[PDB]
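Undergrad:
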Amino acid sequence: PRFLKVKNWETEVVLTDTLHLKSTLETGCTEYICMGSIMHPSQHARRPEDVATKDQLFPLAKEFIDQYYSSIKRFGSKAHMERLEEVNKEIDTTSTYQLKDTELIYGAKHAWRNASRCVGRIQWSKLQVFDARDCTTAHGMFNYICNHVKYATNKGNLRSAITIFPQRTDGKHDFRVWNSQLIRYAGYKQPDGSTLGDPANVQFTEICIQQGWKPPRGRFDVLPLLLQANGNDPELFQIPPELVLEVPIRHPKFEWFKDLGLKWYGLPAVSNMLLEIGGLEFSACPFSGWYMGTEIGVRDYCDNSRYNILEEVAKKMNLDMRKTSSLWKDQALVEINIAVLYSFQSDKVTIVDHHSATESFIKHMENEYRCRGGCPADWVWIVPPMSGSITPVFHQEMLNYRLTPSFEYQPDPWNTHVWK
Amino acid sequence: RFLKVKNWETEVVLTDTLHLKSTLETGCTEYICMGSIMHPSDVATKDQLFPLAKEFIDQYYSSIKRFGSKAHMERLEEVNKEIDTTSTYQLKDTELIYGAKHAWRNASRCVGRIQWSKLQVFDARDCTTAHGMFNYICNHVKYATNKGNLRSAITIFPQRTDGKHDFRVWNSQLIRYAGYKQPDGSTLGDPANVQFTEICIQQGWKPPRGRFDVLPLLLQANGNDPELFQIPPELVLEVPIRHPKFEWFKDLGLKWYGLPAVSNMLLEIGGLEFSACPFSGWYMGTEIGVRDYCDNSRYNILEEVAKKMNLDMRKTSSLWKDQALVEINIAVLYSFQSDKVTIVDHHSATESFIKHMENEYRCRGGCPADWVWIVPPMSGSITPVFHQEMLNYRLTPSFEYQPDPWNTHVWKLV
Ligand code: HEM
Ligand code: HEM
Ligand SMILES: CCN(CC)CCc1cc(F)c(F)c(CCc2cc(C)cc(N)n2)c1
Ligand SMILES: CCN(CC)CCc1cc(F)c(F)c(CCc2cc(C)cc(N)n2)c1
Ligand SMILES: C[C@H](O)[C@H](O)[C@H]1CNc2nc(N)[nH]c(=O)c2N1
Ligand SMILES: C[C@H](O)[C@H](O)[C@H]1CNc2nc(N)[nH]c(=O)c2N1
Ligand SMILES: [Zn+2]
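This is the structure:
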């Protein structure tokens, strides 16, 4: 039938999903095969890669404008029918169209709202949108990003924000932030074959060096920005450090902890994803919010191809690291995440633990099913990477489907950029 | 067609061709994923049974390099004779053992499948009464427990006939502790089991009304009223739960049974339905340490453990819950290993399953897997499966869920 129930097996709440009937693009799954643990399951875009014909772009534009005007209790109004014919002539005469300030804000907010993988979405409508569509150079991108960071950091009282550079036009004039996130630490391939800093960014850190960045070759070296405007070669910019809020990691009991010389930055800011609205593609749209403690303390510190400080922390803890069954990783993991939370909170840097976040997300689910007929959600990603079953989401059935507007992954620019 | 899955921690990339052999539905659509739905959702006619039988027989004779052979073709013919004359058919012992092993191998939710081929199959298809079932299961338990050196085993009771003569183990698992709701709303024992405990008590069981009462087997044979039987106490191997560092942990009075034995599922081989097929392995620690003890609607000992740990329970962000969950799980592992009862920690088990998965891709062309279930319920990202992409599809033979027998049985006595 035309309904799909999700059940929470810890509370027996059953929600009834009709919103999935609006899903537009494929999840990757078939009746015969589920792909819910595939990181990039589908390539079902809504258009061909480079500027699409009218009969391609306009149907997507019409659908979005239709949604925007429906959202605001119009549809068929004078302004809706005018906007349609304005988008028509704009596509006719430029092969694209330009979003209104209102529609741009609506779209950004809803792409966040539709981010199935985001546990933080209860905040979705409280997003600050910086319109950077007038930007024309990497210097201008740098100014816009600096302001983003300064506004978003707000001295630790972090604030959600997105800065939207111009939409893709022909595909050779992309605006891109080459950094995956606005603030990452460098990773250094060492002579022996080990790795100093953040191993995830070894490749990006080398592009930076290979572009003239002079690496301090330390553990927590903030990477420069590598900004690409209107398709041109990317340019390095050093973020003013007074804008990169950093928290030294200490522990509320293990005083030897701060002597591990660990710190992390306060602002998570995804800068390599693509924001899609009415078939328009915003290839540079850095968006930031605030950390769930597990992202630093479980993934950034404890993944094997990341900082991998589990080994160290357990040593100092005097744990039996002979076998796995002492749970020495699990014990050290918990202590590390206590430290991360405690440090952020002591410095009044906005952070949320995985209990509070997951609980917020269940509330948001309820809110969404009540007012929207559903809420797309990716269990594989919503469930935090430690203490899964002692959080409310583990026991929460989630329907996952693709609504638009949305954030999409996109090739890393260096796989695609022909240099000049 | 092919399909690739990536491990994002190691970058290993396996290629799945075996998904082509799936048929049963995942419940996902092309536009919705149901990968976190627990149950995404009565007797086959002759026409339905023919191709299901054929497919299984074909697959069995393929697995033993006798496809197209004379013995293969007579078997197919023999099966068809039965489905005509008797509207069903009877597995050979070879086929039953193979089918049971492959239902395990095909169990996408099971992290323990590296052991699938070492499965001790007990053919109980001659059983006719609940007493026979009691006997078969006692022997199952005694064999699988093996004084703490646990052995995988399944006991398979007569397949479904018309649906009106089903064999069922009414117990969800062979060994479970009873739960009793109190007038005041509190719960003694295992809160997950209060319903079944009521049913047993209703059937004449005199409960000791303690924290760790092993429930009685409630056995149904041939569609008759189920009957109560008390597992001989000396067959229930049990581990008192102590902690290697906290001398006070033993004062929690905690124990758990050593033998995990699922009895509420249905084994499907070649379209035949084995509604009673209890199977057993050994525990991953977190099944006891994270879920049995720490699920809020289970034994919920995080409160007590945290208190005796002095943890600050005012703010979640102290991670008292997290920190106490670990110590509970250390205790569970230490307790079993000390008593030389088989158990596997989540790290060892996920590691073995990655090697198994890779091997299954190598020799079989894939390994369906339910990431939502394969990832342990604690410390997920620090185990290799977390970073391992996985394809979920339904291969037959398979273990399937089935309705609880008290929601479908129509009673015979009085
Ligand atoms: C405000 C606090 C926020 C929190 C606590 C939060 C939390 C998270 C977490 C934990 C993830 C998974 C992270 C990972 O392991 O990679 C995630 C993913 C995501 N978030 Fe949020 N988020 C927040 C704000 C935002 C904002 C402001 C946006 C967009 C404007 C957003 C959009 C997304 C998207 C698109 C993903 C998917 C990323 C991917 O697929 O790689 N989030 N979020
Ligand atoms: C030998 C050691 C084994 C280990 C360590 C093991 C471990 C596990 C775990 C942790 C689960 C998840 C269950 C949950 O968390 O609720 C599971 C599920 C499952 N196991 Fe295994 N298992 C083992 C043996 C077996 C055997 C012998 C069979 C059958 C012959 C089997 C069939 C299954 C099935 C069908 C499921 C799915 C449960 C469901 O769909 O609800 N397993 N196993
Ligand atoms: C495949 C996943 N990988 C590759 C991109 C992610 C690695 C990574 C690196 C980061 F610096 C980082 F912040 C994240 C978390 C994303 C996030 C975004 C927002 C807006 C808020 C929040 N709290 N978290 C993930
Ligand atoms: C989905 C319903 N589940 C969770 C609510 C019931 C709880 C429960 C109770 C058990 F006694 C139990 F063994 C399991 C795990 C199943 C299993 C089977 C085998 C062969 C080995 C093993 N190690 N584990 C789950
Ligand atoms: C809602 C969700 O599907 C449900 O809690 C599942 C998640 N994954 C699981 N994984 C295992 N191993 N055991 C479980 O009981 C569950 N429960
Ligand atoms: C293979 C698996 O899909 C992959 O490791 C996913 C699992 N879930 C995740 N969940 C979050 N939040 N972030 C991640 O990077 C991942 N990785
Ligand atoms: Zn799916």
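Chains A and B supply the protein sequences, listed in that same order.
The end of the first sequence is residue 558 by the numbering used here, with every number in the run present.
The end of the second sequence is residue 1066 by the numbering used here, with every number in the run present.
The C-beta atom is built at its ideal place from N, Cα and C for all residues, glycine as well.
(1) I'd like the span of the alpha helix (DSSP H) that includes B:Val793, first residue to last.
(2) So which residues on chain A does B:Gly1032 lean against when the C-beta distance must stay under 9 angstroms?
(3) Confirm the yes/no value for this check: CB of B:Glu939, any heavy atom of ligand 4, distance under 8 angstroms.
(4) Between the region 749–761 of chain B and the region 1042–1049 of chain B, do at least 3 Cβ pairs fall closer than 8 angstroms?
(5) Quick one, which of A:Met411, A:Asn538, A:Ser481 and A:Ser525 has its alpha-carbon nearest A:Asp550's?
(6) Measuring straight from C-alpha to C-alpha, what distance separates B:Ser927 and B:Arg820?
(7) In chain order, what residues of the same chain lie with their CB nearer than 8 angstroms to the CB of B:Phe654, ignoring the 5 residues before and after it?
(8) May I ask you to report which of helix, strand or coil DSSP gives A:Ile415?
(9) Taking only beta-carbon atoms, is A:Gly174 less than 9 angstroms away from chain B?
(10) Under 9 angstroms between beta-carbons, which chain B residues line up against A:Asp550? List them in chain order, please.
(11) List in chain order the residues whose CB is within less than 5 angstroms of at least one heavy atom of ligand 4.
(12) Among all the DSSP beta bridges, which residues are the ones paired with B:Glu1052?
(13) When the Cβ atoms of the region 837–848 of chain B are set against those of the region 799–814 of chain B, are three or more pairs found closer than 8 angstroms?
(14) Suppose you measure from the CA of A:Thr168 to the CA of B:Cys1019; what does that come to, to the nearest Å?
(15) Within 10 angstroms of the Cβ of B:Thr740, are there 16 or more other Cβ atoms? Answer buried if so, exposed if not.
(16) When you measure from the CB of B:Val773 to every non-hydrogen atom of ligand 6, does any distance come out below 8 angstroms?
(17) Count the other CB atoms, across all protein chains shown, that sit within 10 Å of the CB of A:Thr231; report buried if there are 16 or more and exposed otherwise.
(18) Relative to the alpha-carbon of B:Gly922, which residue among B:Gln854, B:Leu911, B:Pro930 and B:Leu748 has its alpha-carbon at the smallest distance?
(19) Along the alpha helix (DSSP H) that carries A:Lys501, what are the first and last residues, could you check?
(20) Go to A:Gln348, then tell me how far its alpha helix (DSSP H) extends in each direction, as first and last residue.
(21) What does A:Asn475 reach in chain B if we use C-beta pairs closer than 9 angstroms?
(22) Along the region 905–936 of chain B, what residues have a CB closer than 8 angstroms to any CB found in chain A?
(23) Going along the chain, which residues of its own chain have a beta-carbon closer than 6 angstroms to the beta-carbon of A:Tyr326, five neighbours each way excluded?
(24) By alpha-carbon positions, which one of B:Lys698, B:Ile953 and B:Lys1007 ends up nearest to B:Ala983?
(25) Can you pull the chain A residues whose beta carbon is under 7 angstroms from the beta carbon of B:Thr968, in chain order?
(26) For the region 798–823 of chain B, enumerate the residues whose C-beta is nearer than 8 angstroms to any C-beta of chain A, in chain order.
(27) Assuming A:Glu373 is part of the alpha helix (DSSP H), what are its boundary residues?
(28) Judging by CA-CA distance, which residue of A:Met503, A:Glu164 and A:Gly404 is the nearest neighbour of A:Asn292?
(29) Using a Cβ-Cβ distance cut-off of 9 angstroms, determine whether A:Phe532 contacts chain B.
(30) Answer yes or no: does any C-beta atom of chain A fall closer than 9 angstroms to that of B:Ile684?
(31) Residues of chain B with CB closer than 7 angstroms to the CB of A:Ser443, please, in chain order.
(32) Do we get a CB-CB distance below 9 angstroms when we pair B:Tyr986 with the residues of chain A?
(33) Quick one, which of A:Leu381, A:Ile229, A:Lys391 and A:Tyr439 has its alpha-carbon nearest A:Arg357's?
TA: From the atom records:
(1) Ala782 to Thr797
(2) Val436, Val521, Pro522, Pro523, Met524, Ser525 and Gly526
(3) yes
(4) yes
(5) A:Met411
(6) 6 angstroms
(7) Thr667, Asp668 and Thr669
(8) strand
(9) yes
(10) The premise fails here: A:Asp550 is roughly 15 angstroms from chain B at the closest Cβ pair, so nothing lies under 9 angstroms.
(11) B:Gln825, B:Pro912, B:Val914, B:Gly933 and B:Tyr935
(12) B:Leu918
(13) no
(14) 17 angstroms
(15) buried
(16) no
(17) exposed
(18) B:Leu748
(19) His492 to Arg510
(20) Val340 to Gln348
(21) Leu971 and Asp974
(22) none
(23) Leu334, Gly335 and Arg355
(24) B:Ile953
(25) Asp491, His493 and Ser494
(26) none
(27) A:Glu373 -> not in any alpha helix (DSSP H); beta strand (DSSP E) instead, spanning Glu373 to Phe375.
(28) A:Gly404
(29) yes
(30) yes
(31) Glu661
(32) yes
(33) A:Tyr439
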